[PDB]
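Just below is one structure, and these are the notes that go with it.
Below, all heavy atoms of this structure are taken into account, side chains as well, without hydrogens, waters or symmetry copies. Within every chain, numbering begins at 1; the chains are lettered A, B, ... in the order of the sequence lines, protein sequences first and strands thereafter.
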Number of protein chains: 12
Amino acid sequence: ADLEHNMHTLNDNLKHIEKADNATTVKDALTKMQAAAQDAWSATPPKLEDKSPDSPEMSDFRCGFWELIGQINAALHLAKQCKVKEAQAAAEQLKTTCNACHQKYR
Amino acid sequence: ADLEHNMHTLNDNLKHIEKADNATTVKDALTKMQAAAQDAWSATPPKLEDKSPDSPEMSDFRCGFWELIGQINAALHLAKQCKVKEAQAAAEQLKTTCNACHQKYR
Amino acid sequence: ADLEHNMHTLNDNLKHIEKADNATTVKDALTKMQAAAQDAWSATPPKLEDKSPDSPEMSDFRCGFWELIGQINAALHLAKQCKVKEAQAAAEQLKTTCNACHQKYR
Amino acid sequence: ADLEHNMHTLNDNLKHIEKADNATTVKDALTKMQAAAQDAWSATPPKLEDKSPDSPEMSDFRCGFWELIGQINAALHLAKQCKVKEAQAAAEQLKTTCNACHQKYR
Amino acid sequence: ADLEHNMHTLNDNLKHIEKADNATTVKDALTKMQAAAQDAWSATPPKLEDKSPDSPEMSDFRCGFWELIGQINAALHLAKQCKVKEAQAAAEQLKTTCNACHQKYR
Amino acid sequence: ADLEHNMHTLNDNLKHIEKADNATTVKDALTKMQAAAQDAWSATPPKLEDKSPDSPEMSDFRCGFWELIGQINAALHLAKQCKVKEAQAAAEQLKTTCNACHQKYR
Amino acid sequence: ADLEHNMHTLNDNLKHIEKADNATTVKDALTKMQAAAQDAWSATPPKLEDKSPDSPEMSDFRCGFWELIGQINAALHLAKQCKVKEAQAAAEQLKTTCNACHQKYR
Amino acid sequence: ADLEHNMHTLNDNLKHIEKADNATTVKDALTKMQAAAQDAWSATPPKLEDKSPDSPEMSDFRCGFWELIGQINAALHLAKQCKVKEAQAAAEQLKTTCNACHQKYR
Amino acid sequence: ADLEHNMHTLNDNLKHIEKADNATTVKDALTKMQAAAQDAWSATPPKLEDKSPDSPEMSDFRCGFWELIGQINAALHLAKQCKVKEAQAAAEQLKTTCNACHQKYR
Amino acid sequence: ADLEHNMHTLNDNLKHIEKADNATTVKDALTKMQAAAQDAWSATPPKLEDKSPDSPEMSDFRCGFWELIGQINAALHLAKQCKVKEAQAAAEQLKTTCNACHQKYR
Amino acid sequence: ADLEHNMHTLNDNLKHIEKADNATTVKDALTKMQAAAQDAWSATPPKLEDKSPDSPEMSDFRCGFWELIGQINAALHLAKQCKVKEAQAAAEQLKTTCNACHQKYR
Amino acid sequence: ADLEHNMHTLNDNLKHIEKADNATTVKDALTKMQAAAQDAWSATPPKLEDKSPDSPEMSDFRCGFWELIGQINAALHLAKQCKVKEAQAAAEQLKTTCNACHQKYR
Ligand code: HEC
Ligand code: HEC
Ligand code: HEC
Ligand code: HEC
Ligand code: HEC
Ligand code: HEC
Ligand code: HEC
Ligand code: HEC
Ligand code: HEC
Ligand code: HEC
Ligand code: HEC
Ligand code: HEC
Ligand SMILES: [Fe+3]
Ligand SMILES: [Fe+3]
Ligand SMILES: [Fe+3]
Ligand SMILES: [Fe+3]
Ligand SMILES: [Fe+3]
Ligand SMILES: [Fe+3]
Ligand SMILES: [Fe+3]
Ligand SMILES: [Fe+3]
Ligand SMILES: [Zn+2]
Ligand SMILES: [Zn+2]
Ligand SMILES: [Zn+2]
Ligand SMILES: [Zn+2]
Ligand SMILES: [Zn+2]
Ligand SMILES: [Zn+2]
Ligand SMILES: [Zn+2]
Ligand SMILES: [Zn+2]
Ligand SMILES: [Zn+2]
Ligand SMILES: [Zn+2]
Ligand SMILES: [Zn+2]
Ligand SMILES: [Zn+2]
Ligand SMILES: [Zn+2]
Ligand SMILES: [Zn+2]
Ligand SMILES: [Zn+2]
Ligand SMILES: [Zn+2]
Ligand SMILES: [Zn+2]
Ligand SMILES: [Zn+2]
Ligand SMILES: [Zn+2]
Ligand SMILES: [Zn+2]
Ligand SMILES: [Zn+2]
């Protein structure tokens, strides 16, 4: 998938996690987010099209997806423990990472 | 698995590699360690729970696991060539990476 | 596979990409390169055999493969969209990453 | 997935189909829509929650998804023949089926 | 399986759902029912053996199973959300569909 | 596959069923017919190209494939019971459905 | 799955074996009995709910199911040898093993 | 895998079951114990290395592990029934079987 | 498969193990013996064809094969530990178990 | 499948290749032909039923399928490169091999 | 497997086919022979060890196995049609091919 | 793959086999050669583009790949026996076949 739709997947599923009332819906939504974040790591955003592949901005862009992937995996562990409110709280914390990347590069 | 048990897997299997005679036992122990390290990369240790996900400490934490994961993979290559003594020597070298992370974050 | 043969896979398939006239062969070549680069990330090059695994040199070496893996995945996305000339141009741009590592560490 | 998110999948992927320039992305989008429509056939919409399951309203609701599923499969056949503009035109014609159900039951 | 035994599976597992405490047992019982209903859709009951395949009775027969299959799927969705009481209530509603078909064709 | 070749598959295999003298050849031929009928359900015949997707003719066209798929499944059950003459008789009865659709729409 | 329903599977499939007129229904019924018996082997019967898990009663219960499993497989063997009537006689013989455990723990 | 490490897996996972607060960690721990016990069943203990493989000692050792396997599965059954505290009590009960074999062969 | 030929597989592979000069042929031969013994366990020997399936004779026959299976696995264990000569000695030891059952039922 | 139906598969799919306007359908048709020709290599034609299996006639018959299989694989390579007209021309050249065998042995 | 044991498999299973009553036993025996013949095709017999790989003897050797492999496949077709006597007659015909090769190269 | 790259695969891997010091590297390299040789059998070399598909040159070309595939399979058997020097010697002998085809057709 392209970067735009990977963002649709992250956003759409993150909103279902907030609305959910059970661990299974949360785990399923987080699984879809994990695959979108894994795919997105390799993209180049439009604001960075002219930078070199080794620029600090592109290293910083990749670091943001590393952070996001790790936090999604940690939320998945909580959902697998049937700790639904804890997983939802971890999914909310994820938005700090979404926000930080958007501020600089979206 | 949670971080504690990933550390059980790392520590337990590293001891077997040191005492192993044949490459089949080193190979399976390394394979178990590889999976534990790939899982632990995504964790947040207790002492860093309140740091930001992009903090230099959490970045350094994840660097530790990249170094560990790469070193286990290199040791696994030697084990698949049936180079037991070389694989055990690569395993022994890993400990510097274990110790360095513990000193800072355990 | 060992580092040397991963470089064989990269070199051989990149030559085929330059000469291709259809998206299918570009895709197949890029997929092989992706797997070769994934594997090579964990290697330690000769010129670096006596540096520490956490050294700035080994960290930079892994950075080069991250950049390479990302660019290959982006080229693969172009090829899967049947944009043969554009994937070829992305493949040609890989050489800046190949040369930069080689100058430092080959 | 629930009815609401199946509609998300339909809406999101249909927008990507309109904007696509290659058969590959059209195919991938249609496949996701096919799975969403398959799943939604078994749902009961809000406006129909108090009708009998054998009611002419619920029978008509399922008829709409049968028609939708068939049209998506036909569009997918066009996309698999690499007829991008023709699959896009078949996708655009889906909207008559979307609107007709929505007018009655959304 | 023949139609008789599909009916065994439907009747037996519906009784378990009514008495079940946990969602795992409701989920597996519904899964068994779903497979039995999907199989029974293709059958011809004894009393309709000499009707034409397009007869209004055989069409009505297959409509009964479409209604049943959809209702089981909706109940299975609730069970996968761990909503035991709601799933059991959806299961209980199924019986109208069982009874309506039996009255006409058993 | 397209509608024409799905018809080749139905016709070719139905003739082998008549010639067969064992259950295995019959079951294999019926399995191929089932997949062709499943695929064909989504097509639009040339005589109906101008009708709307919800027209009664297109509903009637889909009903014919429903009937055919159900009868193929029933024949498959007999072949699986090693009831070869019974399965062949059921395959002959299938031609009433082929005929009825051809009369109106071929 | 729950012990009571595994018993249902054993009882019902024995009825079908007794009525069957072909090897493949007998084989399919014996296969389902075999799965049900292997799942039942891990259950605790209501009347042994307070014995300890290493009690002679729980070891004897599990042994009882292990012997049933061996006899089911031996009957399945005969059916694969195409000895339908011998397989049916063997299945009928199971009832002595069923009753033996029932006298003790049902 | 080597007998000593299978023992490690049994011991460590028992510690995690005792501390667990949710069914799924208990289930995951019991599943790993089950695999470790089935692999240990094929080992020869150091103190029986010179007995013959059909000796009463080796048959009793293998029987001992077969009984542990049955008790592990029975505990896993309870956990799948969502009886977390009962599954934990059952796991605690295993220690009598562990100690029984240890007295003889450890 | 038929009991007599499973015996062929046991006998022939024992001859190959005795002649082998490498672990992997020994492992491959022991694996085939293990499969043959597990398939033979479900057979009825000609001389027990009229005993009842719960007779002591049929339980003892099945028990006999269960013990052979355990000893084959224990030999396979040694071979995976790269103890080729010990695995060959263990395989040679099987003949006492072969002869024991033969005296009774061959 | 028998020889006759393999020839059906060859004939039917070769007609579709001639009429195709996209690489996808050519590829699918060639793949079916490949499997048909693979299967037919082992057949004995009627006109040769009384020759010896090592006869120059049967050897020549197999040579014809080797030549046919090779040409189909070469056509498939062209189709996988999206060279539709070139694969069609390779398919048309197959007919020299079809006719040459038919003249001798059909 | 080495050539000797492939010959064990051929000879052993051919004897079972001659004495078999049902098609299931002929079918599995033929399947075993087919795999043994496909493997033996690649071997070099002792008496030809010093001939060139393109020698007329090694070519004739491989022709023998092509004839054998084709004949086994034809016999397997008859067995899959449940034509036991015809399959056994095709198997018996194979022996000319066995004998012809042995006379020259055993 | 095309014939040129299949030759790269044969050549590249054959050189690694000579350098190897363990059976695993040799077996892995031989596995890649086997797949390349299987693919190459269907090609037409440039020097033979004008010959007919049944010409003696094209039969001779296919014979060369037959010989190569058989010898690769024999080398694989030795590598699987952990006979590393023997497998390497067999891989060297393979070059006679490479040479003979190149002399005539490259
Ligand atoms: C960088 C490391 C990012 C992270 C982490 C996340 N997003 Fe993002 N997002 C990023 C960019 C560069 C862009 C612009 C993409 C473009 O091609 O223009 C976006 C865009 C979005 C959007 C808008 C998509 C659209 O409809 O055009 C959304 C809704 C979005 N992003 C959501 C989102 C969420 C929820 C994230 C965390 C879970 C997240 N993004 C992370 C870069 C990055
Ligand atoms: C950071 C990058 C680490 C690396 C690399 C390794 N370990 Fe570790 N370990 C780390 C932390 C933060 C912790 C604390 C976990 C907690 O929740 O408190 C640990 C813990 C351990 C333990 C103790 C586990 C326990 O029972 O509490 C052990 C035995 C252990 N670690 C071993 C170990 C080994 C052998 C490593 C390299 C092979 C290794 N660790 C790497 C952080 C990190
Ligand atoms: C570091 C991040 C590298 C990147 C990116 C690429 N290569 Fe590389 N390459 C690297 C090293 C350290 C070495 C030396 C390995 C050794 O054993 O000394 C190489 C070597 C090569 C070779 C020579 C292989 C041989 O036969 O000896 C080639 C042909 C090669 N590299 C090609 C290549 C290409 C095409 C790359 C980009 C697509 C590329 N390399 C990236 C380190 C790194
Ligand atoms: C009946 C046969 C329908 C067909 C065909 C399509 N849709 Fe639908 N849609 C339907 C209902 C009953 C509803 C209401 C669901 C509810 O929970 O109230 C909807 C809703 C939507 C939405 C809104 C989703 C949301 O976020 O609330 C969208 C965006 C939507 N539908 C899009 C859509 C498209 C693109 C369709 C064709 C491709 C389509 N729908 C078909 C019923 C039916
Ligand atoms: C038509 C659309 C049906 C639906 C929906 C259900 N059943 Fe049914 N059932 C149907 C027929 C035509 C028959 C007769 C079968 C025969 O060959 O005579 C049955 C039979 C049963 C039985 C009796 C089975 C037996 O042992 O003979 C039972 C117990 C049964 N059906 C239960 C059942 C349940 C619980 C259903 C809904 C969940 C249900 N049936 C639906 C036709 C149809
Ligand atoms: C509608 C519900 C149909 C059913 C059921 C069957 N067929 Fe059909 N068939 C149908 C159409 C609309 C057409 C014309 C297709 C076109 O694109 O022109 C056909 C065509 C055939 C053909 C001719 C194919 C050709 O070579 O052009 C055959 C041989 C055929 N159909 C056979 C057939 C059989 C054997 C069926 C029952 C098993 C059957 N069809 C069902 C519509 C429908
Ligand atoms: C012990 C080793 C048993 C063997 C062998 C068989 N059964 Fe059983 N059965 C057993 C128990 C402990 C129970 C009680 C289950 C409970 O939850 O109370 C049963 C019960 C049954 C039932 C009744 C189920 C119900 O609806 O209440 C039936 C119909 C039954 N068992 C049948 C059955 C058959 C046919 C068996 C052999 C083929 C058989 N059982 C074996 C214990 C054991
Ligand atoms: C026989 C049937 C056994 C059962 C049941 C259990 N164990 Fe065991 N254990 C057994 C032996 C022969 C040995 C000696 C292994 C050796 O290589 O010397 C052991 C050893 C242990 C150990 C110590 C391992 C070590 O590090 O030296 C532990 C911690 C252990 N066993 C635990 C254990 C548990 C928790 C069990 C039940 C859950 C259990 N064992 C069962 C033989 C047998
Ligand atoms: C009982 C538990 C047995 C064990 C353990 C082994 N064998 Fe057996 N064997 C058994 C029976 C009942 C029979 C008679 C089979 C028949 O159909 O008549 C046999 C037979 C053999 C044969 C002869 C087969 C033949 O061609 O007639 C052989 C060569 C043989 N058995 C070998 C064998 C070996 C090597 C075993 C251990 C490794 C072994 N058997 C175990 C019963 C049992
Ligand atoms: C020998 C090497 C053959 C090659 C290459 C092809 N065919 Fe063939 N074909 C062959 C024989 C011996 C027969 C007779 C089979 C019989 O049972 O008598 C045939 C038959 C056909 C048929 C008629 C099938 C029927 O319905 O009776 C057709 C339509 C046919 N062959 C087509 C065909 C095509 C298109 C081929 C190349 C692509 C082809 N054959 C190759 C022997 C051989
Ligand atoms: C050449 C093309 C052969 C064909 C066809 C068959 N066999 Fe063979 N066989 C062949 C050789 C070169 C050898 C000698 C193997 C050695 O290393 O010495 C054999 C050997 C046998 C044996 C003896 C095996 C042993 O225990 O030493 C048997 C029992 C045997 N062959 C049987 C056999 C059968 C039944 C065949 C057709 C179905 C058959 N062989 C074909 C060469 C060839
Ligand atoms: C015919 C039966 C061949 C066999 C066996 C082998 N090769 Fe080959 N090779 C062959 C041809 C016709 C060609 C020319 C291909 C072309 O399209 O021009 C080749 C070419 C090579 C090359 C050069 C590839 C290149 O870079 O252009 C190499 C390195 C090569 N062949 C190696 C090789 C090896 C190592 C073989 C045995 C293991 C081998 N070939 C077999 C024809 C045939
Ligand atoms: Fe960094
Ligand atoms: Fe739960
Ligand atoms: Fe209708
Ligand atoms: Fe049969
Ligand atoms: Fe016992
Ligand atoms: Fe394409
Ligand atoms: Fe030849
Ligand atoms: Fe080894
Ligand atoms: Zn993507
Ligand atoms: Zn999107
Ligand atoms: Zn984990
Ligand atoms: Zn642990
Ligand atoms: Zn590697
Ligand atoms: Zn290489
Ligand atoms: Zn859903
Ligand atoms: Zn959604
Ligand atoms: Zn059925
Ligand atoms: Zn039943
Ligand atoms: Zn289709
Ligand atoms: Zn066709
Ligand atoms: Zn039940
Ligand atoms: Zn351990
Ligand atoms: Zn045999
Ligand atoms: Zn066939
Ligand atoms: Zn046909
Ligand atoms: Zn072999
Ligand atoms: Zn042998
Ligand atoms: Zn190829
Ligand atoms: Zn190449």
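Within a 6.0 Å radius of NZ in C:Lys51, no more than 12 heavy atoms belonging to other residues, nucleotides or ligands are found. Atom CD of C:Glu18 is surrounded by more than 12 heavy atoms from other residues, nucleotides or ligands within 6.0 Å.
Between L:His8 and the choices C:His8, C:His16, C:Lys15, the side chain to side chain donor-acceptor pair (under 3.5 Å) rule is met once, by C:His16.
L:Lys19 NZ to C:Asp2 CG: the interatomic distance, rounded to the nearest 0.5 Å, is 8.5 Å.
Heavy atoms of C:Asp12 lying under 4.5 Å from chain L belong exclusively to its side chain.
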